[PDB]
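S.K.:
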Amino acid sequence: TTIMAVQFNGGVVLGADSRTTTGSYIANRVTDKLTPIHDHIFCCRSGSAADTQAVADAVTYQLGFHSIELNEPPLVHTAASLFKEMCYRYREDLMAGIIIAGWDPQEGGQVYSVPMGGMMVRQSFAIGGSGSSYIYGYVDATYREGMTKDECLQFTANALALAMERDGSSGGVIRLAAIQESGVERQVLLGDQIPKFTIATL
Amino acid sequence: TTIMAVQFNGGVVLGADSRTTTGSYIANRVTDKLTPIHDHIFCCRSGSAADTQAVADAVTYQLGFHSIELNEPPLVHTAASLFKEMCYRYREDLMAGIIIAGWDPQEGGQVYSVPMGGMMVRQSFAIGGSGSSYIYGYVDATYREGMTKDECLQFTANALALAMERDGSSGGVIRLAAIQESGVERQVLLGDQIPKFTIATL
Amino acid sequence: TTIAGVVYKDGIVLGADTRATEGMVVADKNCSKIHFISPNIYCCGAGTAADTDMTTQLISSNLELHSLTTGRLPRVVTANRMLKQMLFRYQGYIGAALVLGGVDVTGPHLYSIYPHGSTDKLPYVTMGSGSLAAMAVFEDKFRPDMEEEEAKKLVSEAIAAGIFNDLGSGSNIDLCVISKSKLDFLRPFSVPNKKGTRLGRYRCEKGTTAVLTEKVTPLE
Amino acid sequence: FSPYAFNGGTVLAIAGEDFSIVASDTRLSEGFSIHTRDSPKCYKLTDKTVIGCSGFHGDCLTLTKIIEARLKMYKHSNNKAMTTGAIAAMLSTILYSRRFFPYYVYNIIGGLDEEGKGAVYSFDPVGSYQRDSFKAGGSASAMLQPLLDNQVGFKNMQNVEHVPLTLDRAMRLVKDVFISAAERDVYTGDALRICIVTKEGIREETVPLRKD
Amino acid sequence: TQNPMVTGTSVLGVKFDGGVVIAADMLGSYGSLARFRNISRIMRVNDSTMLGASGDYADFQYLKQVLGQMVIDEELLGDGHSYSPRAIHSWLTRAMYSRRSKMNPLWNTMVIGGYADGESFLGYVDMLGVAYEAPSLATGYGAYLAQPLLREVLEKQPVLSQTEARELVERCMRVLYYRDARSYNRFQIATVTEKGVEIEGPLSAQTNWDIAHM
Amino acid sequence: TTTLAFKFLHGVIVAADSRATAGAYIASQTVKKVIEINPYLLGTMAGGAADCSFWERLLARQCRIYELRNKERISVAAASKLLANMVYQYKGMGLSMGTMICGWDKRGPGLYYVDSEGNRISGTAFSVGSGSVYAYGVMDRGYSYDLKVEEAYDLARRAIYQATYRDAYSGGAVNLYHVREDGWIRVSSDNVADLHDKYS
Amino acid sequence: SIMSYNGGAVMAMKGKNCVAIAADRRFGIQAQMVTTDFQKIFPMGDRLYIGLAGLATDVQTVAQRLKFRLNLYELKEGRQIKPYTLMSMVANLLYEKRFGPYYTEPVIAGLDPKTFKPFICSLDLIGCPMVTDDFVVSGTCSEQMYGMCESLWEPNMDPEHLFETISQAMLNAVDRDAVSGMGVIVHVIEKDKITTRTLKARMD
Amino acid sequence: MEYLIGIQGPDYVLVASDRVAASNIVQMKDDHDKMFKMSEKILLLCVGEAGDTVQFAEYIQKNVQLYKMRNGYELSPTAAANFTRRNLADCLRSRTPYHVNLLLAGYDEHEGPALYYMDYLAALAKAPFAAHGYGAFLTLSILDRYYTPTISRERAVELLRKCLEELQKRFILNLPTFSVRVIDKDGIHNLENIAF
Amino acid sequence: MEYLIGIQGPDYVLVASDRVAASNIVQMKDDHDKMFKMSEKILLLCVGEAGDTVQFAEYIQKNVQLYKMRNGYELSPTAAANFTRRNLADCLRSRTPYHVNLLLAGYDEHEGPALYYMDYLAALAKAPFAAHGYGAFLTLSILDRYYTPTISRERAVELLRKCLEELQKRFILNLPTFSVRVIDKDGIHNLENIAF
Ligand SMILES: *[B]([O])([O])[C]([C][C]([C])[C])[N]C(=O)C1=[C]N([C]2[C][C][C][C][C]2)N=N1
Ligand SMILES: *[B]([O])([O])[C]([C][C]([C])[C])[N]C(=O)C1=[C]N([C]2[C][C][C][C][C]2)N=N1
Ligand SMILES: *[B]([O])([O])[C]([C][C]([C])[C])[N]C(=O)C1=[C]N([C]2[C][C][C][C][C]2)N=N1
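Residue numbers (the UniProt record's numbering), protein chains in the order written: chain A, 34 to 235; chain B, 34 to 235; chain C, 44 to 263; chain D, 29 to 240; chain E, 46 to 259; chain F, 60 to 259; chain G, 2 to 205; chain H, 1 to 196; chain I, 1 to 196.
1) What does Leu172 (chain D) reach in chain G if we use C-beta pairs closer than 7 Å?
2) Just the residues with CB closer than 6 Å to a heavy atom of ligand 2, in chain order, which are they?
3) With 16 other CB atoms within 10 Å as the buried threshold, where does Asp52 (chain I) fall?
4) How do the stretch 103 to 119 of chain F and the stretch 148 to 157 of chain F stand: do at least 3 beta-carbon pairs fall below 8 Å, yes or no?
5) Measure from the alpha carbon of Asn236 (chain C) to the alpha carbon of each residue in C:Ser222, C:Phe207, C:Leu229, then state which is nearest.
6) In the stretch 82 to 96 of chain F, which residues sit with their C-beta less than 8 Å from some C-beta in chain D, listed in chain order?
7) Name the chain D residues that come within less than 8 Å of residue 240 (chain G), Cβ to Cβ?
8) Decide if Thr116 (chain G) is buried, meaning its Cβ has at least 16 other Cβ atoms within 10 Å, or exposed.
9) List the residues of chain F that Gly29 (chain G) touches, going by C-beta distances under 8 Å, in chain order.
10) How many angstroms separate the CA atom of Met178 (chain C) from the CA atom of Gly58 (chain E)?
11) Tell me, to the nearest whole angstrom, how far the beta carbon of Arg78 (chain F) is from that of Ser229 (chain F); I am working on the premise that it is less than 8 Å.
12) Taking its Cβ as the centre, do 16 or more other Cβ atoms sit within 10 Å of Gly66 (chain C), making it buried, or is it exposed?
13) Do you know offhand how far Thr189 (chain B)'s Cα is from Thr175 (chain B)'s?
14) Please confirm whether any heavy atom of ligand 3 lies closer than 7 Å to the CB of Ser169 (chain D).
15) Taking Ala195 (chain I) as the query, report the chain F residues whose CB atoms sit under 8 Å from its CB, ordered along the chain.
16) Can you give me the C-alpha to C-alpha distance between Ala41 (chain D) and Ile49 (chain D), rounded to a whole angstrom?
17) Counting only the same chain and skipping the five closest in sequence on each side, list residues whose C-beta sits under 7 Å from that of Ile102 (chain C).
18) With distances taken between CB atoms, is the gap from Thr139 (chain I) to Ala131 (chain I) smaller than 8 Å?
19) Hey, would you say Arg26 (chain G) sits closer than 8 Å to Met34 (chain G), going by beta carbons?
20) Beta-carbon of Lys150 (chain F) versus every beta-carbon of chain I: anything under 8 Å?
21) Is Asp196 (chain D) helix, strand or coil by DSSP?
22) Can you look up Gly37 (chain D) in the DSSP assignment and give me helix, strand or coil?
23) Can you tell which of D:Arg212, D:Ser208, D:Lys227, D:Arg127 has the C-alpha that lies nearest to the C-alpha of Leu242 (chain C)?
24) Using the Cβ count rule (16 or more neighbours within 10 Å means buried), how would you classify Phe100 (chain G)?
25) Thinking C-alpha only, which one of F:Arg217, F:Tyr212, F:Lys207 is nearest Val197 (chain F)?
26) Less than 8 Å between the CB atoms is what I'm expecting for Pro168 (chain F) and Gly102 (chain F), so what's the real figure, rounded?
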């Protein structure tokens, strides 16, 4: 699994792979890891498929009801706090690595990291999954403040592509998402559209 | 541990960190991982300090004696084959990740990889150690054929610096080495000279 | 156990504590941890006491035999190689982590040998259970090319740090100065601990202990 | 996950005919490191009772707090302070309440009985207890018990007239045995707190020990 | 919490003449990986109390919110009474022991530093419920490396000044960056005096690598 | 621990050693292994010091409450049955105790053995503890139902003495009790060292 | 522990111009005592005695193999073995079985041949020599012995004063141990005599 | 569990042993002999491991009998007990250590009767009386209380009966018959079996 | 190991059991009773777990005696054996399952003698004769070869002796005395104990 979320002025850019493996076998080669929690709030799932789906459904329910009572677009921090609560409560029973990223009228585009234990930390960009270990040095040397919504989409596509080649648990296609104030725009990157890097050869 | 070896027209460029940790404690913060096997043949050590030192001493002895009988500069492939023999023979007793890289009159600058199991494979550049996992995506996206002896030194310094920040077992200074037909040139990169990358901040 | 060593201007200064414990009980409050390898090479040893003695005793006899043959002064590399090769052959089963320091033709060298067989050639080293306490003093006050008296004060502070912060080390402080023209074995160098004076006597007056049998035998 | 930690520390207790001395070292430790050099293990319960605990510090801090609260509740319903013997009998039931997840504490209550003579009660981790003359509990309990037996109990001595245990002679004995326990035990050291329970209140004395 | 996830290293603490100073590096480690390099591990409880926790970071965030509510709740009554550094320390000791007795503890080691009624308070609470007071504290690997340095300065100079204690904290942070494999060269420095709790940073140490050339 | 009990013609004789151990270390040597439930009821203790002490004290509180309601002293069979049902609830939980209830109710002298495992049998001669095997040897050898009071005291004292000589976990002194129809009486409390000088 | 299977304790003290070596006499398998006169101290040559504590089978084996070596050594270089030389000999023997050691902690005590200088020392199972100036203890109740010797031993005691100190230390140390006792044998080595008396101990 | 016992008198040694060979819950033999005649005045009682007892007792016996053939004189009880102790102690840390407990009884012309006790860890100990097995716990106290150093042969057999009678009523195992022998200056004598 | 045995005849049931209570290696009692009188014509023999046997046998007994009080008539042997089997089977998968093996013997006026066998897994089985323990292996074959359905009471006791005599010589345990009872139309009768 290789999920990634970066942010720009307008909003945020999400990305993930689509491989679901049960051992050394790919049960689902086109999994959709990016899950919408609300209109402008998404979340990348990593870890256990059953655990991340159960939590996302629960949070989506709680956030929807909360947003209907307050009669206002929910805050991205509120969605991240809900996720964090369940992730911390059942930390000994769940295996998730959720990355909440959305856009709200108050703070704009935000990216939150909710790792296994259940802690919540806001970053400008976050990477998760088993294939995120190979691109830690790449994102630290390529990320630059001031990236636009176009550069963020190329930055995420480049990092995900590099992690899919080295990780056996990551592969398939690339599902991107650019969330701004206007709305959400999904986009898939297949074979030819997936960034390629010449393999060192003698 | 984070060792790395790249090659160019003339010869090769080596690099490593200098941290030796026994748990969560740094027993040696300025370890010299680059070990000379011969005049123009070096080797980066990774894994167990006692196992890599024992093997390097043995190979250095065998290679020295072999080179004195043949009355000719030893081949880099010969040094790598010796390492591979002991690494494979005692694969269940040793824990090493040697990277043999040198320069000889026949094939020029070569880089050989001899991972834990004891296999031997020649590459244009190789990375080893526990901190090499974080820079796998970086080297695949930055490496380009045709790099000169100057660009190779900047490429190795950049990758080692990125691995030292994410890995707890890697740190200290950076020991580089550029081996050509003229000879070997060692160089250390301390605090201020170590490449720095602005940490993402909000 | 707290053993340490540094490399000053023209020599080597080794130090160690004098406490030996058998679990959480002090068995010996004045044991020697600095072993003689040769006239110009000494060794501080921690880890398994029995193995530390036997390993240094064997290597010292090998270095003495080698010295008689060559007819020259032994090198620190020779002692290092012998130790590290023998230690590696036992696969770590010989718990003997020692600090090897001496002065030869190449100058003053300080090594640190670990049980498995790995060695490290640094300007200052610390071993034992109170190694982290002594390392903090070396990482806060150590300077290259120090004076003999400065190196003796800095190495005394390192041993003192371990003696007062580690439960496995105590008693006195042992020093060993090895230079290009001298060898000063100062034992003890400093006595920071002293048993409190008795508040009353508990002498056992004769006849206080009953006897069932008694047999005297006159020796020649 | 281990819920216990050996923190060391030794506590002594000698009972006289008019007094009761309870001493202990003030060094808190763990493994090979020293937590604090100033941590006495003696707690004043009432005006004629002092409790001394050693072992897992977490349980010592909780047990002591429970005893303090139990004494206050007992005085509210019975309208009088709890006696040494009643505090010992109550401690037994508190220690045995956690019989399947026991307190890793070695308690030694020392005070005065109804008559006015020194009383010393030794306890075991689960709750068992008995009244004796002298007692040593902790990491140096095996190092001090034998000495008190010989010196105070006059055991293994054929020609001794058995002189009464005076308060001045017992004060030296506690200082002497603790100076020998600091030479051998690695958990005993730095400072010795001495509480003297008499009819004129509880006095406290502090003497230094080895730091190594 | 049987197994910690993202954890923090050692937290330093030393009392000086007129306050308490606490330092902690800003790093969240996931095993041997430096995952989060900008997390604050020091929290200001109230005007006279500050807290520095090491170990499981998720547990620290839970305690940070459970303590914040307490302080807020007490300020709503506005009766003049406020939680002192000693009362917070006591509350934490009972919370740590209670969790440890239920075989489900909060994997943390806290350092409570406060300054109320003309007294500087430096507490220390671990995950087992073990607690004590001292002139200088150090958790994690700081007890083996920084504790010996802090204790060697307080033996010849029991009372320290604000500038002296701060200069000593920087020396300890620098030594921890050379020997602890789970530390970062980016830390925060909190100080609690008569004026209140103040946090500075991120700060760095002046590391020297002369020994690498020899 | 070494405790024995046997009922002869003149009541029941109860004897026990006084030594507590903490492994190899001898915790104490003045422990009272015989607890008095009341004037006509005796209870011995063997095994877990805290286990036997807390449960026999709980039985003593139960026997006192029983006598207030029924206005009569509890029998030896009912007392042992009470204790047996108490320890059965925590069966296979770690409890370690081997007690012997002795007294003189309606049906003459009664001696019951009750352990934490679940046993609860009546008899004429019992022996609990780690030194019980050695005590049995001397007991049986010299046991006679028509033994005189003085001869019964000797047998009980000699039986505990030999058991403390062979077993390392038994020592201290030898506390002897004698249950009669008028109630139990404390016979003696000779020290083992003084018994060794008399049997040599 | 294997060392606490047979019990026993040995003690060696130093005096002015004399040495004392005491030991318990109880031989027993775990909690059961077999005999009460087991030998734990062996004579290695007039003014040289060796006390062994630990596994009874290894106590006899080590005492017999050391005697075998000591006999050959004294015949080869016709002279009396020196106290310090015996310690090295014993340490060497124990270190041969470094990975399958004998369960016995030796305690050597004697006067130096010709100089008559007191000498006491103790070794661990793998032969780690430890020469002290006051006393050396070895057994299942060393903690109790450590506490007695620490507060009873005096710098320069005489034969009679030394005998009282080592007897009071052993008698009170073995009374706190369950698998140690059943009699105490003390040997006081002087320059011209070897007094041996059995103390009146508790038979518990 | 097998049972052995020895009682040393002023000029004689009295040894007895159960004669019950058993597999799992059944007694295969009720007249088994656990005594080995090493010499004319030496008896080796052996109990323990199923196959080890006979293998070890026969090896010692062979060597003790070999000693007399080549030398002309027999080994003494002390020397025979030290030889067997040295052999059992050598195998202890070997590949195949014998798990056997034994009692050596013998009569030396210039030393009288000797009774040696040995466990499976090869720890030799001379004693006035001894026993092996689970029945030793029940009979050792009886011995202690009634045994005197000047005990006569007639009282030694009467004392033996008491110990065996105690086993009959207290022990949980079934030991109905016991083999009895006595060694003095006229060699080894077979005594009538004590049956119940 | 405890031993129980039952022999059902034409109009009587013969049950016997060892009376030995023991702790570790010593017999604490040599006259213990393992038979429980459930009713006037029902006996419940119980063996097994130290504390479970009495706790379980007394609970059943209490309920069987309660049944007669409130109803006026006693429970039949079949119903009493089904009631006890249902109670033992309910605790089997509970928190505290009793580990007890038992034999229920009774005489029904309109059904004659009944002998029920039950293990610790609550499996009820009517049988002409049965046994429990380690001694059952040695005596079950003797029963099989000599037992006939029309066996008389006198021969039933003679047959019982044979089984108990076999235990005396073959079993490794010590079982010297046995409790014997017989249930017919006149209730339960105590028979002289068979001692060896
Ligand atoms: B990823 O590899 O971490 C991925 C993230 C999920 C899709 C949110 N996880 C998985 O690949 C994955 C597979 N499974 C199950 C394993 C057992 C069979 C059904 C699938 N769980 N997570
Ligand atoms: B690296 O981290 O992989 C490094 C490579 C070595 C230096 C060639 N290894 C180590 O850090 C290391 C440390 N140790 C020993 C552990 C036990 C104490 C002595 C050092 N072994 N390898
Ligand atoms: B006896 O030895 O059984 C005796 C009987 C008691 C005093 C009534 N028991 C003990 O001596 C004893 C030992 N222990 C524990 C053993 C494990 C360590 C803590 C003490 N409890 N009772």
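C-beta atoms are modelled at their ideal positions from N, C-alpha and C, and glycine is treated no differently.
M.R.: With the structure as the only source:
1) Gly148, listed in chain order.
2) Listed along the chain, these residues meet the criterion: B:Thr34, B:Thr53, B:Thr54, B:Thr55, B:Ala60, B:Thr64, B:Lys66, B:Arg78, B:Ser79, B:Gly80, B:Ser81, B:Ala82, B:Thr85, B:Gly162, B:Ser163, B:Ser202, C:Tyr157, C:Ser161.
3) buried
4) yes
5) C:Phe207
6) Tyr84, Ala86, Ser87, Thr89, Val90, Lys91
7) Residue 240 (chain G) lies beyond the range of chain G shown here (2 to 205); nothing can be said about it.
8) exposed
9) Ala227
10) 20 Å
11) 6 Å
12) exposed
13) 11 Å
14) Answer for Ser169 (chain D): no, Cβ out of range of ligand 3.
15) Taking the beta carbon of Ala195 (chain I) as reference, no residue of chain F falls within 8 Å; the closest one sits roughly 18 Å away.
16) 6 Å
17) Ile80, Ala122, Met125, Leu126
18) yes
19) no
20) yes
21) helix
22) coil
23) D:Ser208
24) exposed
25) Between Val197 (chain F) and the set F:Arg217, F:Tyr212, F:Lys207, the nearest pair of CA atoms involves F:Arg217.
26) In fact, because the Cβ distance is near 15 Å, the residues do not count as touching under 8 Å.
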